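*Asks:* Take this structure first; my questions come after.
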Amino acid sequence: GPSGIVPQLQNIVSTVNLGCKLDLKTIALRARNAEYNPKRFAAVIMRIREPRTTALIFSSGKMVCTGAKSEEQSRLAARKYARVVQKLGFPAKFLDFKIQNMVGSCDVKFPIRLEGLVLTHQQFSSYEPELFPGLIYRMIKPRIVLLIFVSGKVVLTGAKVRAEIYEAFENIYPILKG
Amino acid sequence: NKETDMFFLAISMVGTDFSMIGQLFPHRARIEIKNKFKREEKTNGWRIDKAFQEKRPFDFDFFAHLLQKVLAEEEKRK
């Protein structure tokens, strides 16, 4: 059963279609929050604290936002940037909101001997202590990629909802225990 | 101290946006500003919140000149 520690989400990734053409130079000229460094990259990157997130905008009318701790928080930040662009003088719309990725982490509070895991799980676990200190495991159900360390803490990514993170956590937990 | 104050002030004028302040700062890169933000968010969160509710304008001109004057003043006084 559960060890009493829940996987806390660390990140959320989401995108929405603004539905109109925008001028990045105009945004950099008007908005009190903007980049335009075309010498490096022709784009504008936002960020707000409530929710704590970073978003990025193009002239093509797409938005990519990331940084929240919950999917609904990410959507709130997305709608905040949509409001900002609407009051920037652009006819922005909050259309086709899609959630792309999230990151979570947890712990088991006992040491992990990676050698046994690689010896019994090499077919899906990649161990290489020379470059990346931890161990890499790719999980199929659901499409999750997992990082495991000796300290017992685990990083989970590749899901679309917190339920997937929890379910993968409890799938791996017996393996971590033994 | 002055550089921290100005980092804040620009974060209110150009928002939580780093490449332009790196560009107008004579010798700061974007990764530098990102690192400043990591360090300062733990203590000055209230001030950064003050950074996103007032609509005072932003410039190159008035600001560029304000930067250069305060940097010359700080360098001559430091």
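Quick mapping for you: the protein sequence lines, in order, are chains A and B.
Just so we're aligned, residue 1097 is where the first sequence starts under our numbering, counting upward by one.
Just so we're aligned, residue 85 is where the second sequence starts under our numbering, counting upward by one.
Idealized CB from N, CA, C, for every residue including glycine.
Alpha helix (DSSP H) containing residue 1212 of chain A: first to last residue?
*Replies:* Element bounds for residue 1212 of chain A: 1210 to 1217.
*Asks:* Kindly indicate which three-state DSSP category residue 1143 of chain A falls into: helix, strand or coil?
*Replies:* Of the three classes helix, strand and coil, the one that applies to residue 1143 of chain A here is strand, per DSSP.
*Asks:* Give the DSSP-derived three-state secondary structure of residue 1158 of chain A in the structure shown.
*Replies:* DSSP places residue 1158 of chain A in strand when its eight states are reduced to three.
*Asks:* Please list, in chain order, the chain B residues whose beta carbon lies closer than 8 Å to that of residue 1130 of chain A.
*Replies:* What residue 1130 of chain A touches in chain B: 98, 99, 101 and 104.
*Asks:* Verify the CB distance criterion: does residue 120 of chain B have a CB-CB separation below 9 Å to chain A?
*Replies:* So, not an interface residue.
*Asks:* Kindly list the residues whose CB is nearer than 8 Å to the CB of residue 1150 of chain A, restricted to its own chain and excluding five residues on each side of it in sequence; keep chain order.
*Replies:* Once the five neighbours on either side are set aside, the close Cβ partners of residue 1150 of chain A are 1141, 1142, 1143, 1161, 1162 and 1163.
*Asks:* Exposed or buried, what is residue 1185 of chain A when buried is set at 16 or more other beta-carbons lying within 10 Å of its beta-carbon?
*Replies:* It counts as exposed.
*Asks:* Looking only at its chain, what residues have a beta carbon closer than 8 Å to the beta carbon of residue 1152 of chain A, apart from the 5 residues adjacent to it on each side?
*Replies:* Hits under 8 Å: 1139, 1140, 1141, 1142, 1159, 1160 and 1161.
*Asks:* Between the alpha carbons of residue 107 of chain B and residue 113 of chain B, how many angstroms are there, rounded?
*Replies:* Each residue's Cα considered, the two are about 8 Å apart.
*Asks:* Do the CB positions of residue 118 of chain B and residue 91 of chain B come within less than 9 Å of each other?
*Replies:* Against a cut-off of 9 Å, the Cβ pair of residue 91 of chain B and residue 118 of chain B comes out as no contact.
*Asks:* Would you list the one or two residues that DSSP bridges to residue 1118 of chain A?
*Replies:* Partner(s): none; residue 1118 of chain A has no beta bridge.
*Asks:* Based on DSSP bridge pairs, tell me the residues matched to residue 1242 of chain A.
*Replies:* For residue 1242 of chain A, which the question treats as bridged, DSSP gives the partners A/1233 and A/1252.
*Asks:* Do residue 1244 of chain A and residue 1231 of chain A count as a contact pair if the criterion is CB distance below 9 Å?
*Replies:* Closer than 9 Å, so yes.
*Asks:* Let me check understanding here. Comparing Cα to Cα, which of A/1270, A/1206, A/1217 and A/1199 lies closest to residue 1103 of chain A?
*Replies:* If we check each option's Cα against that of residue 1103 of chain A, A/1199 comes out closest.
*Asks:* Taking the alpha-carbon positions, what's the residue 1207 of chain A to residue 1213 of chain A distance?
*Replies:* Computed Cα separation, rounded: 12 Å.
*Asks:* Considering only C-alpha positions, which residue in the set B/139, B/138 and B/153 is nearest to residue 145 of chain B?
*Replies:* The option with the nearest alpha carbon to residue 145 of chain B is B/153.
*Asks:* Can you give me, in chain order, the residues of the region 1117 to 1142 of chain A that have a beta carbon less than 8 Å from any beta carbon in chain B?
*Replies:* Taking 8 Å as the Cβ-Cβ cut-off against chain B, the residues of the region 1117 to 1142 of chain A that qualify are 1124, 1127, 1128, 1129, 1130, 1131, 1132, 1133, 1136, 1141 and 1142.
*Asks:* For residue 1194 of chain A, list the residues DSSP reports as bridge partners.
*Replies:* Beta-bridge pairing links residue 1194 of chain A to A/1111.
*Asks:* Roughly how many angstroms separate the alpha carbons of residue 1129 of chain A and residue 151 of chain B, rounded to a whole number?
*Replies:* Whole-angstrom Cα-Cα distance: 19 Å.
*Asks:* For residue 140 of chain B, tell me which candidate among A/1126, A/1136 and A/1189 has the shortest Cα-Cα distance.
*Replies:* Nearest of A/1126, A/1136 and A/1189 to residue 140 of chain B, Cα basis: A/1126.
*Asks:* By the DSSP assignment, the beta strand (DSSP E) with residue 1247 of chain A in it spans what residues?
*Replies:* Here residue 1247 of chain A belongs to no beta strand (DSSP E), and DSSP marks it neither H nor E.
*Asks:* If the cut is a Cβ gap below 8 Å, which residues of chain B does residue 1145 of chain A touch?
*Replies:* Neighbours of residue 1145 of chain A on chain B, chain order: 100, 129, 132, 133 and 136.
*Asks:* Is residue 1271 of chain A near residue 1217 of chain A, with beta carbons less than 9 Å apart?
*Replies:* Their beta carbons are under 9 Å apart, which means residue 1271 of chain A touches residue 1217 of chain A by this criterion.
*Asks:* For residue 1131 of chain A, count neighbouring C-beta atoms within 10 Å of its own C-beta (all shown protein chains included) and say buried if the count is 16 or more, exposed if not.
*Replies:* Buried is the call here.
*Asks:* Give the DSSP bridge partners of residue 1223 of chain A, in chain order.
*Replies:* Answer is A/1231, bridged to residue 1223 of chain A.
*Asks:* Sorted by chain position, which residues of the same chain lie with C-beta nearer than 8 Å to residue 1201 of chain A's C-beta, five sequence neighbours on each side aside?
*Replies:* Answer for residue 1201 of chain A: 1103, 1104, 1106, 1249, 1250, 1251 and 1252, listed in chain order.
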